[PDB]
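So this first bit is one chain, no partners, the form deposited in one PDB entry, shown in structure tokens.
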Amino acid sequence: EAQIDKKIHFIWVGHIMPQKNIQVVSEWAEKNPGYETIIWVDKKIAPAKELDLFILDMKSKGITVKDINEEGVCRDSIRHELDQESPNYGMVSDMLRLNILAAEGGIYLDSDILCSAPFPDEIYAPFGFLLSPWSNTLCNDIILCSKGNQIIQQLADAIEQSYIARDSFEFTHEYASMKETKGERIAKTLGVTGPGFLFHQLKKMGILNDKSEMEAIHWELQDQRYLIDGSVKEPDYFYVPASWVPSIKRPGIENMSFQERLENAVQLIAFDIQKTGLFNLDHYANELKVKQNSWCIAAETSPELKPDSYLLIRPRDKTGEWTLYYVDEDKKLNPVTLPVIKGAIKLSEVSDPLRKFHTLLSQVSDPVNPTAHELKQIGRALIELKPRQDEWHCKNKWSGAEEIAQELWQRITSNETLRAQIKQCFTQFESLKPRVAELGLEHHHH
């Protein structure tokens, strides 16, 4: 019937794609010259300088980089997860892949799948929709599609709804098992947006038959026209010998002000209340209590200077020197970078962060023009840098969780529209349980 559009889609939102993953995508691009390799990104949550460097390098590698916001694929639902301080990138990619495929067609792939064999110049899908029989379980990390395919469009709408209701997801039945073997985050991702969600949809849609179970698909029993290559053989195209499962702060959170973070939380909660009636106060309070080091790497433009931060000045010429400062009250105190070349160190200085930090700086190819990955690594070091010298330690004075919760409560419940839409508030904080009770009584008398 239809043909899979000649596009290969890869998604990496948040920080820059690791170089290992860039190499895999490059191979897919070289081995499949007839196909346009595209890496999808989100400019709203990405480090701008590093992203610009990446887009240029990808242009040199023959890889198209597209933004989800500019192409109209980021539904407000995906934007709600990406604007979270620690986003579940797995749920985001599981949702963006369906919207991207539905708008451009082509093949979605995970950057960990390697190309062993080039794809056919034309791939035909009797239903405009193909999956791989790899994994047993259902693989959602290889998906082929013709632009606008109805199945993909239905999945895209259904995943949105699943996500909206994610807070009512229970680890029951097949998920009860999986909670204990893989973890909570992982198991919930699979039920809400991943293969679990997908299985139920493909069952509901009749694409999978009576016999298939979530952990025993039985592809050999199914309609083979839904499978790449029209059979249950392992396709030649793919090969595989983690990232999204640990919750990491999205970029620059350490460099936002308390008030800006409060403001972001208030917007997200409003979304939650308006879509679900649920006020997950402690989720927000426990994100917002975390304050890692503020930091800036001095670029051509002059730096906005946060009190209590690190400022790193790159060198003028390649054989110039890096300089680091602890900014205290906009006063700049210069931390002594330990010499790493003369060696001649004492055993004390082996564990020293500053020495290890200097070593990292010395390994920059071009100190005047560092790569995105070099910038990324230095950033990462700065976020966690903790000298033995207490005088050069970032202080990171920050409100505790319960105070933050109190502030979020005041702001949300002072809005009469939101206040009246709240059905259920989650908080374990003793000072806030009676305020939640009071609102419950208020609602009870109307």
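By rigid core we mean the largest C-alpha set that fits within 1.5 Å across both forms. For every residue, the number given is its place in the sequence shown, counted from 1.
Are residue 135 and residue 136 truly consecutive in the deposited sequence, or are residues between them missing coordinates? Give the number as none, 1 to 3, 4 to 9, or 10 or more.
Unmodelled stretch: 4 to 9 residues.
Name the higher of the two by mean Cα B-factor in the PDB entry, 319-327 versus 276-284.
Looking at the record's C-alpha B-factors, the answer is 319-327.
Please compare 401-409 with 27-35 and name the stretch with the higher mean C-alpha B-factor in the deposited structure.
Between 27-35 and 401-409, it is 27-35 that shows the higher mean C-alpha B-factor.
In the PDB entry, which of 77, 231, 255, 259 has its C-alpha at the highest B-factor?
So the option with the highest C-alpha B-factor is 231.
Looking at 269, 156, 240, 192, which has the highest Cα B-factor in the entry?
The listed residue with the largest C-alpha B-factor is 240.
Report the third (lowest, middle or highest) to which the CA temperature factor of residue 52 belongs, ranking only the modelled residues of the same chain.
CA B-factor rank for residue 52: middle third.
Give the position of residue 21 by CA B-factor within its chain, expressed as the lowest, middle or highest third.
Middle third of the chain for residue 21's C-alpha B-factor.
Compared with the other modelled residues in the chain, in which third is the CA B-factor of residue 421?
Lowest third, going by the recorded CA B-factors of the chain.
Ranking every modelled residue in this chain by its Cα temperature factor as given in the entry, which third contains residue 216?
As the PDB entry reports it, the C-alpha B-factor of residue 216 lands in the middle third of its chain.
Relative to the other modelled residues of the same chain, rank the CA B-factor of residue 147 and answer lowest, middle or highest third.
Residue 147: CA B-factor falls in the middle third of its chain.
What comes next is about the form deposited in another entry, which does not appear here.
With the core superposed, find the residue in 118, 307, 339, 148 that moves its CA 2 Å or more between this form and the one not shown.
Of all the options, the C-alpha that shifts by at least 2 Å belongs to 339.
Using a superposition on the rigid core, decide whether the Cα position of residue 330 changes by 2 angstroms or more between this form and the one not shown.
Result for residue 330: yes, a 2 Å-plus shift.
Does superposing the core leave residue 348 with a CA shift of 2 Å or more between this form and the one not shown?
Yes, its C-alpha moves 2 Å or more.
Given that the shift is 3 Å or more, do the Cα atoms of residue 303 and residue 322 end up closer or farther apart in that other deposited form than in this form?
Farther: residue 303 and residue 322 separate by 3 Å or more in that other deposited form.
Have a look at residue 304 and residue 83: in that other deposited form, are their Cα atoms closer together or farther apart than in this form, given the change is 3 Å or more?
Farther: residue 304 and residue 83 separate by 3 Å or more in that other deposited form.
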